[PDB]
Amino acid sequence: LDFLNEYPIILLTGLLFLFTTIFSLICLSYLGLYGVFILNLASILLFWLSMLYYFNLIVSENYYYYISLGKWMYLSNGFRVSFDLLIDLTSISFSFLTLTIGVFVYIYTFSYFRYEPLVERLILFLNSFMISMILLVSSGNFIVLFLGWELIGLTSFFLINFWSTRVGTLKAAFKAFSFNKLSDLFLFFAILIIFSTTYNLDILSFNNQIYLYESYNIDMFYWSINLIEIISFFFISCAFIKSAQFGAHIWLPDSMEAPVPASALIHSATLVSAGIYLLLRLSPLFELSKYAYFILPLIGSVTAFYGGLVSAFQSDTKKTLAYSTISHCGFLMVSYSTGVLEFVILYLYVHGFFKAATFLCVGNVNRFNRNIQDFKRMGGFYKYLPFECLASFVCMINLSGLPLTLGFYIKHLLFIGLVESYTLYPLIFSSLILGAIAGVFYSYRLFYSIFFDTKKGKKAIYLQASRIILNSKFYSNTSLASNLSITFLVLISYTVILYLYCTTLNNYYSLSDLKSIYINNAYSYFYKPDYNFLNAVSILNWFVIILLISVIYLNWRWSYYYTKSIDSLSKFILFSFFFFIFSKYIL
Amino acid sequence: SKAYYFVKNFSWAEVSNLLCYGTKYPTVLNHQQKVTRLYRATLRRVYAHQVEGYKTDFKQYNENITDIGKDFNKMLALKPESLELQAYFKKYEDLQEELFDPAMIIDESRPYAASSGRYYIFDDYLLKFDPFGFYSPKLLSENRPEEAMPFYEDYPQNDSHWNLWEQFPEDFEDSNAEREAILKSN
Amino acid sequence: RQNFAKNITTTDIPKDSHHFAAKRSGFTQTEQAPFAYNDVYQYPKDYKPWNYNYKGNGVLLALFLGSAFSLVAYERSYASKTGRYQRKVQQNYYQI
Amino acid sequence: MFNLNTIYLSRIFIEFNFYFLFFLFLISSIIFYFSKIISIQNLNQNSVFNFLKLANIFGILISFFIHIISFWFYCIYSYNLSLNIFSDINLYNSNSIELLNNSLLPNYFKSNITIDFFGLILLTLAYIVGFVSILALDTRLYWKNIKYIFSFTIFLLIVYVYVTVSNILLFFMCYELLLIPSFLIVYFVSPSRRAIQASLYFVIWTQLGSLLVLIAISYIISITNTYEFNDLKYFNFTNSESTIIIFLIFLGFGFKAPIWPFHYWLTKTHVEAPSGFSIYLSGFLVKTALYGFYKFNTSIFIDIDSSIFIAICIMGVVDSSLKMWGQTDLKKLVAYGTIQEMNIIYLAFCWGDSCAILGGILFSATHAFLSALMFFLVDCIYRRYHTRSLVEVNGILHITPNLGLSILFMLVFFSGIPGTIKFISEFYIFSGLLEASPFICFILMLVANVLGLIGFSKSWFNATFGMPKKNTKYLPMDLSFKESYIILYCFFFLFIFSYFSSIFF
Amino acid sequence: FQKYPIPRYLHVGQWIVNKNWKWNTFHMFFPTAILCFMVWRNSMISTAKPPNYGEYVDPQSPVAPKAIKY
Amino acid sequence: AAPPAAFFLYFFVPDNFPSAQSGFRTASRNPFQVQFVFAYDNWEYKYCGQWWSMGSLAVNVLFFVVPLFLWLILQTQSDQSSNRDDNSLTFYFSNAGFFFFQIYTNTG
Amino acid sequence: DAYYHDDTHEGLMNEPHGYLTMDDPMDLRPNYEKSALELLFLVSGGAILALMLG
């Protein structure tokens with residue numbers, strides 16, 4: 001209907017979600033467990049349906065909305081700011097991912113914390129965090145952006161430190177609190193500089209008149225610093241702290257004692273993506289900045305390598321996922337440094353969806369293992385959590401970027417557009433290559449050690465989960481709702497990623513305008529690649545193949561199948577050679 | 001056993017002592033106590049690395065525990081002042097250090113575990129507390145006066161003191177009925 | 001210390017006397033004398049201690065009347081500001 | 001459509017509110033003195049104290065209500081007055097309006113009432129903070145010291161006369177009149193034994209500052225034989241006299257509004273004083289130094305560089321905010337927060353009559369309400385757990401959860417979420433400072449909003465979370481209706497004053 | 001975790017089930033929807049939108065962007 | 001360590017009215033906690049010049065010379081403002097003593 | 001799960017309980033602090049509505 005296209009209902013449904021969350025928080029005695037669950041489920045489902053309707057219009061067609069709620073605050077003599085929301089491609093790209101992951105995490109969170117005394121508090125905290133993140137990405141001016149920035153930091157401080165009776169979790173939450181205070185300082189100083197320069201806080205206007213101030217300088221006490229350089233420096237600093245780049249990443253692994261739905265939301269999109277959003281929100285500023293040009297690829301590649309290698313050595317499942325998230329944040333920073341804004345969105349969506357699904361599977365495994373998150377005390381879990389095993393296999397083969405999967409394409413697109421003109425290019429490229437191959441190691445380690453190793457766990461788990469009296473059609477080591485949530489999340493992820501791939505990677509370009517005038521020749525090597533580039537990518541392909549052979553055929557222990565393992569490796573090599581000969585030359 | 005290895009500002013020597021022996025001060029233990037505690041710590045570490053490990057080999061684990069048992073049986077029968085016993089102590093403390101993991105698995109039953117103290121348990125003092133009488137009956141007398149004590153009202157939960165003078169219904173008849181009756185009588 | 005009177009005159013305190021019965025008979029030579037009053041408080045059985053037990057309409061009526069007065073006063077002020085006896089309503093209104 | 005009716009409404013309300021308060025005070029005092037022989041509490045149900053209590057509370061509330069309407073009148077008045085001179089473009093006509101005097105009451109102290117925006121903001125702060133403080137002093141007043149129920153009405157009357165005069169001599173006298181009631185309250189109402197020496201410290205520092213201000217005032221009065229702020233427009237001060245006057249007034253008013261080297265008295269007085277008077281002292285009393293300084297700063301032409309004063313204020317901010325981590329007493333931590341934001345406000349008046357005063361004016365009210373809320377929370381904790389030290393109390397959540405929720409929301413509002421007036425004041429002052437001094441602005445921002453905030457948040461979070469295991473036989477109950485409504489009103493005032501008219505500020 | 005008793009006097013939210021949660025859910029959901037509808041209806045007055053497909057902005061029209069006469 | 005035997009306690013003025021909120025139930029205090037509560041207030045230096053080297057001499061000196069550093073930085077940025085014709089650090093006098101929003105009316 | 005117990009059979013499943021405020025429901029004191037604070041809120045809201053909005 002044309003009325004829906006002219007007047008969005010996203011605002012109405014989001015307000016319904018927010019007000020239901022707040023009133024459930026205040027009137028929690030009237031609503032029991034079931035009442036809170038049902039009310040917030042209805043609100044979140046309506047919000048998701050409305051945003052799903054508008055997703056196609058905003059992404060494919062050139063639809064966007066500027067909504068003003070009213071004049072809000074006086075910030076200068078004779079100056080007032082209003083509460084503005086900008087529902088455009090950049091905002092909807094983050095908001096739809098956050099809302100979908102949040103809907104499925106919400107349904108999963110009731111099965112998780114099944115008999116805990118404070119399920120309602122966790123549900124409402126997750127709702128508050130999602131609302132804050134959605135408000136952050138839908139900002140219309142800088143004041144609303146700062147409000148969302150401070151809200152995501154505050155609500156994540158409560159999802160962390162959920163076990164408020166322990167000071168040990170209080171320390172972990174306070175670490176992130178301090179890092180968020182530093183982020184807020186940097187962002188607010190950058191906003192102050194912007195307002196002192198242009199005397200406006202509207203983002204859109206800022207994106208269209210900042211090029212007029214490229215040749216300007218500011219006078220620090222003994223320095224004359226370019227305006228774009230200092231503004232970009234502060235924005236990049238706060239983005240680095242939120243996105244947990246190297247050095248400022250130490251708060252993120254210590255954030256893992258939060259409940260696993262909170263980890264699924266925080267580490268997949270939302271918080272870790274917030275910094276990336278900033279880079280996408282203010283693209284011209286960083287296009288005109290020398291500091292960004294030098295610092296994004298170097299720090300991104302170092303972070304990618306560091307996170308990828310540290311992840312492959314972890315034994316805690318949540319720590320492995322957290323370090324994988326750090327590596328992927330570095331990869332996203334490099335992808336933004338590429339200069340192609342579509343590749344960033346594709347990487348964001350793929351990583352967020354599959355990382356959230358992997359967190360859900362890991363959370364079910366951890367609940368089965370009775371709060372022991374180290375897979376040194378696991379093994380042979382396939383017969384007790386079969387759905388977890390199979391769904392986890394799918395999610396890890398997609399997340400690790402294995403060949404012939406959806407996650408392969410984002411890595412390939414990243415390596416297509418990499419700029420070779422950097423002074424520190426050798427280090428950047430080596431770090432990127434070493435971080436790209438690390439996914440197979442931690443994916444294989446996690447899957448094999450949790451599900452298909454020897455029994456390393458305690459006898460109580462296995463023996464109590466296998467008594468004869470428990471044989472029934474109702475037998476299960478998880479909940480049906482968890483299985484349905486994971487299944488539907490995977491299906492929706494596949495559908496959305498395929499739709500985005502069609503929109504961006506087809507011969508007919510269909511994506512809406514990204515409001516950026518910096519265009520490079522990166523798509524050429526995607527559209528008309530040449531021979532040396534194909535050979536160069538084949539090199540990394542064969543490196544990954546060698547690593548897969550290593551993780552499959554290496555015997556680190558004595559076994560009755562050692563000799564037969566060597567024989568099978570020899571048979572596979574000979575068969576591959578003969579198969580290649582037959583497929584290439586004769587018939 | 002309290003697993004406060006890293007949440008207190010300990011040096012490595014204190015942590016090594018706590019890992020090898022159940023105390024920071026192993027000098028106050030007997031010879032048998034020290035030998036048994038070191039044997040238990042060594043077996044615990046070997047189990048944590050060769051049974052609940054990464055690529056565990058049961059045959060190698062059995063060989064190593066057999067050798068360790070032989071060595072500790074030799075250790076027990078030695079004398080405390082002998083240098084060979086000191087060498088054995090040094091060797092197995094070095095073994096404990098060499099297998100040290102910053103990511104030790106801590107059993108959930110230990111006092112300073114990852115999931116310890118997640119819930120506040122209310123004792124009978126809080127369960128039986130009811131100042132106002134909705135859940136448990138409350139006397140209008142507010143207490144039972146024990147002998148050898150005067151009868152005094154309980155201290156209220158809210159000592160506001162923001163009170164008016166006593167309120168009476170409108171047109172309240174408050175004449176001195178007794179005085180009037182007696183004066184009429186005489 | 002508090003010094004107010006507790007035997008109020010506005011109303012009678014809700015109470016019951018079946019609870020905490022006195023002994024009054026069959027005493028031994030060593031036990032203490034029984035207590036005297038023993039009455040306990042009685043709640044209206046429809047009282048919820050966890051929320052306001054407010055069933056009136058006065059607050060809502062007062063707030064609604066204040067808001068309606070605000071609306072009519074603004075209408076009068078706008079009519080006076082434009083130099084008119086009443087607001088002139090345009091035939092079409094557009095987004096600000 | 002502005003006419004004479006609004007003018008006379010405003011003036012009549014200004015004068016008649018004072019006479020209402022004064023007649024209340026006189027009647028209550030006469031009743032107290034002539035009802036009994038000794039004038040102490042009778043300790044029974046029919047004590048006059050009861051009535052007195054209600055009276056005082058009553059009056060303040062009612063006067064405040066009148067004040068609100070009165071305040072609104074002034075706004076409109078002031079607005080239109082400016083217009084009446086902005087649009088007078090014809091060279092033949094000039095705004096020549098002369099008003100009459102009311103025939104019911106005399107002008108107090110034979111003076112004509114004049115009012116400004118910042119004076120009425122100060123009066124409103126006096127009303128609200130006095131109401132909160134007198135509500136937080138019921139338990140302290142008892143046998144033989146009930147008279148100090150009258151202190152806040154006297155404070156209101158003195159501050160009214162302070163803000164409604166164009167006489168510089170009456171201005172100074174009203175500023176000086178505030179010391180005796182404060183010292184008496186600290187001396188006779190405080191329960192702690194260490195408060196006896198704290199009152200002496202308070203007196204000696206505040207009186208040294210008053211002596212400096214007195215020297216400056218005597219200088220001005222003797223050089224220019226006049227008592228009106230207007231006449232100073234027709235007399236010029238030389239460079240030496242201007243420098244002497246500005247240094248004297250800055251140091252004297254920085255003794256009370258605590259600048260860096262002089263806050264020992266404030267720390268001791270907050271640690272030892274009763275909770276209600278602590279609320280009054282942080283919320284309102286220190287602001288009296290900002291007002292007077294402003295007046296004397298604006299009436300004189302000074303040709304000196306303000307770098308020394310700016311550096312002193314910034315040193316105060318840095319020193320106060322760096323000391324927040326190593327505080328275990330919560331009241332001392334709140335006092336240090338008060339010091340840092342008072343110095344931030346005092347910085348804004350270091351550029352004369354420029355636009356920097358708007359941020360200071362708003363942030364004075366912001367700090368008033370924030371400090372009142374924090375000291376009220378500290379009082380609630382102290383009355384619940386009989387301690388205010390982090391080493392003795394924690395896990396305020398999980399037992400009496402409303403107090404813990406209030407603590408967390410207070411922490412949010414102090415951090416300055418962009419929806420409140422703390423963010424607005426920070427934005428004003430920091431925009432101006434960034435233009436005036438970029439590196440100084442960054443240093444001050446980093447020191448105040450990160451390090452001090454981290455120390456504050458650590459000390460407050462540790463008390464909110466944990467397990468209250470020690471003494472379950474003596475654990476307290478949650479908040480009462482009075483405390484809940486007071487906290488909610490502080491939050492509501494911050495959020496809703498974020499919506500005040502933009503003609504001012 | 002195994003359930004443990006909670007004191008009756010405490011207004012805390014451990015293991016609470018309200019038997020009348022359906023009516024409370026109804027009476028919290030529908031007025032919330034009405035309030036959000038009123039807010040959205042007010043906000044659509046101040047909502048902007050780019051021109052639709054097949055439409056162009058005439059630069060000389062009143063709706064087109066303007067400069068300032070000094 | 002043995003519990004302290006002598007330490008500073010809480011004290012109240014004569015004829016103090018006790019606080020009796022929530023039933024007026026007061027528990028026994030912990031000697032170590034009370035000792036910590038009152039230790040810092042009564043702590044004092046032992047000899048002249050002990051402060052300078054107490055902790056870190058370099059850090060203490062840097063803290064001592066902070067106001068001079070702030071004054072010098074302000075002077076440098078005032079130099080920067082002077083040549084750019086920026087807002088100087090002066091008491092600006094542009095309203096001729098007229099206050100912000102002040103009623104200026106006459107009688108008669 | 002295997003041995004789940006419903007809310008009716010579960011004796012440690014709570015219904016809404018607890019006192020909202022420390023104030024005594026059957027207090028016999030003519031306390032007026034609550035009334036004063038409600039006056040503050042209501043009069044402030046009325047002054048906003050009747051003087052300031054339009």
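Residues numbered from 1 in each chain as written, not as in the entry; some residues may be left out. Chains lettered and ligands numbered in written order. Part of a larger assembly, values for the part shown. Heavy atoms only, no water.

By the method listed in its record, cryo-EM, this PDB entry was determined to a resolution of 2.60 Å.

(A) Local environment of the overall build of chain C. Secondary structure summary: chain C contains one helix and two strands in total. In sequence order, chain C lays out its α and β elements as β-β-α. Reported as C-alpha extents along the three principal axes, the dimensions of chain C are approximately 100 × 30 × 25 Å. Across the 96 residues of chain C, 16% fall into the buried class. Counted over contacts in chain C with a minimum sequence separation of 6, partners at least 24 positions apart contribute 32%. Entry remark: accessible area of chain C is about 8200 Å², with carbon and sulfur atoms responsible for 57%. (Helix = DSSP H or I, 4+ residues; strand = E, 2+ residues; numbered from the N terminus. Buried < 20%, exposed > 50% of the residue type's maximum accessible area, 1.4 Å probe, protein only. Contact = heavy atoms within 4.5 Å. Areas by Shrake-Rupley, 256 points an atom, 1.4 Å probe, with all protein chains shown as cover.)

(B) Here's a closer look at the interface of chain D and chain F. The interface of chain D with chain F comprises 85 residues on the first partner and 56 residues on the second. Where chain D abuts chain F, roughly 6400 Å² becomes buried across the two surfaces, and 58% of that area is made up of carbon and sulfur atoms. Linking chain D with chain F are two salt bridges. With a closest N to O distance of 3.3 Å, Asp41(F) and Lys268(D) form a salt bridge. Here chain D and chain F share 35 residue pairs in polar contact between them. Secondary structure elements with two or more residues in the side of chain D that touches chain F: α2 (48-86), β1 (98-99), α11 (287-298), α12 (307-322), α14 (356-385), α16 (421-436) and α17 (438-464) of chain D. Of the residues forming the side of chain D that touches chain F, the biggest block, nine residues, is contributed by α12(D). Of the residues assigned to the side of chain D that touches chain F, the class counts are 46 nonpolar, 19 polar and 20 charged. (Buried area = accessible area lost by both parts, 1.4 Å probe. Salt bridge = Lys/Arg side-chain N within 4 Å of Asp/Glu carboxyl O. Polar contact = N/O pair within 3.5 Å; in protein donor to acceptor, adjacent residues only side chain to side chain. Nonpolar A, V, L, I, M, F, W, Y, C, P; charged D, E, K, R; others polar.)

(C) Main features of the interface of chain B and chain G. Contacts between the two partners involve 16 residues from chain B, matched on the other side by 13 residues from chain G. Summing both partners gives a buried area of about 1300 Å² for chain B against chain G, and 55% of it is carried by carbon and sulfur. Here chain B is connected to chain G by zero salt bridges. Applying the counting criterion to the chain B and chain G interface returns 10 residue pairs in polar contact.

(D) Local environment of the sheet that holds strand β2 (residues 79-87) of chain A. On the basis of which strands lie adjacent, the open sheet formed by three strands has the order β2(A)-β1(A)-β1(E) and antiparallel pairing. The strands lining the two open edges of the sheet, one partner per strand, are β2 of chain A together with β1 (47-48) of chain E. Where strand β1 (residues 65-76) of chain A meets β1(E), two bridges bridge the pair, whose relative direction is antiparallel. Residue pairing in the sheet places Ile67(A) in a bridge with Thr47(E) of β1(E). (Pairing = 2+ DSSP bridges.)

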